[PDB]
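Participant: If you scroll down you'll find the structure; I have some questions about it.
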Amino acid sequence: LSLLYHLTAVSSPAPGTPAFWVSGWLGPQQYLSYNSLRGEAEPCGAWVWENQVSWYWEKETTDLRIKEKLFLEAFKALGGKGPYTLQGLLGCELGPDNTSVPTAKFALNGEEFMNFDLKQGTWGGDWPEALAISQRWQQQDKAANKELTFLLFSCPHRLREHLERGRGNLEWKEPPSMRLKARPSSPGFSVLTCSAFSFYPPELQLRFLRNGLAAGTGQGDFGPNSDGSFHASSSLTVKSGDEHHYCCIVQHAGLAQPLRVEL
Numbered sequence: 005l006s007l008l009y010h011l012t013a014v015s016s017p018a019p020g021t022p023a024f025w026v027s028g029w030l031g032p033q034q035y036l037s038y039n040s041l042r043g044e045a046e047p048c049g050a051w052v053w054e055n056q057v058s059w060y061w062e063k064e065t066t067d068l069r070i071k072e073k074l075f076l077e078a079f080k081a082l083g084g085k086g087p088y089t090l091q092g093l094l095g096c097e098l099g100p101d102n103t104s105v106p107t108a109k110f111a112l113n114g115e116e117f118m119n120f121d122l123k124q125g126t127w128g129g130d131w132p133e134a135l136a137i138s139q140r141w142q143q144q145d146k147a148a149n150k151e152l153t154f155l156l157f158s159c160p161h162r163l164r165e166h167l168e169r170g171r172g173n174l175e176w177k178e179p180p181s182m183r184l185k186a187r188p189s190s191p192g193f194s195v196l197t198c199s200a201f202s203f204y205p206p207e208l209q210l211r212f213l214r215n216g217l218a219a220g221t222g223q224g225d226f227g228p229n230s231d232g233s234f235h236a237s238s239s240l241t242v243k244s245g246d247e248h249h250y251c252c253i254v255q256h257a258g259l260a261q262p263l264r265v266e267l
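In terms of mature numbering (1 follows the signal peptide of the UniProt record, and there is no 0), the numbers along the sequence shown are unbroken and rise by one, the last being 267.
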């Protein structure tokens, strides 16, 4: 798992909306928000209770405010008819031989149009626009260098800290609470909803079972909770009465072994 930033900036936000705002994810886990109205780096969740490095958050607050302006200066590179949406995906993960894997990505109106060629420290995309911003972004002094610094050097550090300081919060595995219920369906049929509640990590497989013999994942949907846990369901359609001759099976880190569920 890696260290990643969701940043998104809009030309025409709603009255009371951050024209630009960011998120911090330790893989599938959030730990930071940040906006422009308030504009202070305020961490979220169990990373509120992380043995922090005092000044460190302020150091993010600086790192983030720089990008902040870049993303706002960007709409000046764009003389289009508007309104506009510019998305950013940044981060890096520590690999095998101690190094990291940088991920600098950009979408304009939700359409990927820029990576950051580390091989020469430059922004890239053959559209007119991703050659208006990459060009003005070069025109900004030391911005392409507060980059190689930020992806190669500042990143893996923040990662090789939190991994030591807070490893547990990740290493932590919370098992799901199940309930397999069944509502009746179209005249002569019954749906099989396997409800899954409050689990971490997300990596959950479900699997249906016909009175012993196999069956397969039904119509399977998914989401998160508030605390940072996850919820899931999957359903299949069976013969009414015949349903009681069916079981649910859940596979997740929180349990020792694939567990059955009954009706």
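A virtual CB, placed ideally from N, CA and C, is assigned to each residue, including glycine.
1) In the DSSP assignment, find the unbroken alpha helix (DSSP H) run with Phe75 in it and report its ends.
2) Closest to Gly172 by C-alpha separation, out of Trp51, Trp59, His249 and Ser37, would be which residue?
3) Between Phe201 and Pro180, what straight-line distance do the alpha-carbon atoms span, to the nearest angstrom?
4) Do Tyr35 and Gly28 have their beta-carbon atoms positioned less than 9 Å apart in this structure?
5) Excluding the five sequence neighbours on either side, which residues of its own chain have a C-beta within less than 7 Å of the C-beta of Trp176, listed in chain order?
6) Is it true that the CB of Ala81 sits closer than 9 Å to the CB of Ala18?
7) Throw me the rounded Cβ distance for the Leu90 and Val26 pair, which I believe falls under 8 Å.
8) Start and end of the alpha helix (DSSP H) containing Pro262?
9) Hey, how far is the Cα of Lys150 from the Cα of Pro106?
10) Counting only runs of 3+ residues fully inside the region 119-158, write out the beta strand (DSSP E) ranges in chain order.
11) Just tell me which of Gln33, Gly31 and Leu41 has its CA closest to the CA of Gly20.
12) Are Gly125 and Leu98 closer than 9 Å when you measure CB to CB?
13) Can you have a look at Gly92 and say buried or exposed, based on whether 16 or more other CB atoms are within 10 angstroms of its CB?
Facilitator: Taking the coordinates as given:
1) Translated into the one-based positions of the sequence shown, residue 75 becomes position 71. Taken as a continuous stretch (DSSP letters only), the alpha helix (DSSP H) holding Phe75 covers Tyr60 to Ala81.
2) Locating residue 172 in the sequence shown gives position 168, counting from the first residue. Out of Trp51, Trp59, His249 and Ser37, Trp51 has the C-alpha closest to the C-alpha of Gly172.
3) As a first step, residue 201 must be located in the sequence shown, where it is residue number 197. As a first step, residue 180 must be located in the sequence shown, where it is residue number 176. Spanning the two alpha carbons is a distance of roughly 5 Å.
4) Translated into the one-based positions of the sequence shown, residue 28 becomes position 24. Translated into the one-based positions of the sequence shown, residue 35 becomes position 31. Yes; because the gap between Cβ atoms is below 9 Å, this pair is in contact.
5) Position 172 of the sequence shown, counting from 1, holds the residue named residue 176. If we look at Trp176 and ignore the five residues flanking it on each side, its Cβ neighbours are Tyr204.
6) Within the sequence shown, numbered from 1, the residue matching residue 18 stands at position 14. Within the sequence shown, numbered from 1, the residue matching residue 81 stands at position 77. Not a contact, by the Cβ cut-off of 9 Å.
7) As a working note, residue 90 is residue 86 in the sequence shown. As a working note, residue 26 is residue 22 in the sequence shown. In fact, because the Cβ distance is near 13 Å, the residues do not count as touching under 8 Å.
8) For this step, residue 262 is matched to residue 258 along the sequence shown. Segment: none, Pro262 is in no alpha helix (DSSP H) and carries neither H nor E.
9) Along the sequence shown, one-based indexing puts residue 150 at 146. Along the sequence shown, one-based indexing puts residue 106 at 102. Their Cα atoms are separated by approximately 14 Å.
10) 126-128
11) As a working mapping, residue 20 is identified with position 16 in the sequence shown. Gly20 has its Cα closest to that of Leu41, out of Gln33, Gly31 and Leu41.
12) On the sequence shown, residue 125 is found 121 positions in, with the first residue counted as 1. On the sequence shown, residue 98 is found 94 positions in, with the first residue counted as 1. No; because the gap between Cβ atoms is not below 9 Å, this pair is not in contact.
13) The sequence position of residue 92 within the sequence shown is 88, counting from 1. Looking at its Cβ environment, which holds 16 or more other Cβ atoms inside 10 Å, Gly92 is buried.
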